[PDB]
Amino acid sequence: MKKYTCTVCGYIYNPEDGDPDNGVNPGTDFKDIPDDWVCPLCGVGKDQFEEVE
Ligand SMILES: [Fe+2]
């Protein structure tokens, strides 16, 4: 699975780590994250994230 970065602040979603404090377990593909999830650091939505590549 690929990493995704927040294009507003630079936060990096790493699927191996997930974002467990907000309900996204290690191993979840970004695709599969609930679509109401927001960037844990600046709060913008998933639509500001882009695939790293
Ligand atoms: Fe962000």
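Looking at the header, which is where the method is noted, we find X-ray crystallography, 1.5 Å.
Backbone N, Cα and C atoms are what each Cβ position is placed from, and that goes for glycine too.
If you look up Swiss-Prot, you'll see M1 marked as N-formylmethionine. For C6, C9, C39, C42, the entry in Swiss-Prot reads Fe cation binding site.
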**Item:** Remaining residues near the recorded Fe cation site, that is with C-beta within 8 Å of the centroid of the site residues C6, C9, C39, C42
**Value:** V8, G10, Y11, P40, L41, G43, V44, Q48
**Request:** Let me know how many other Cβ atoms fall within 10 Å of the Cβ of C42 (Fe cation binding site).
**Result:** 12
**Message:** Using Cβ atoms only, which residues of the same chain lie under 8 Å from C9 (Fe cation binding site) while being at least 6 residues apart in sequence?
**Reply:** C39, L41, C42, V44
**Message:** I'd like the Cβ neighbour count for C6 (Fe cation binding site), meaning other Cβ atoms within 10 Å of its Cβ, all protein chains included.
**Reply:** 21
**Asked** Counting other CB atoms within 10 A of each CB, which of the recorded positions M1, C39 comes out lowest?
**Response** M1
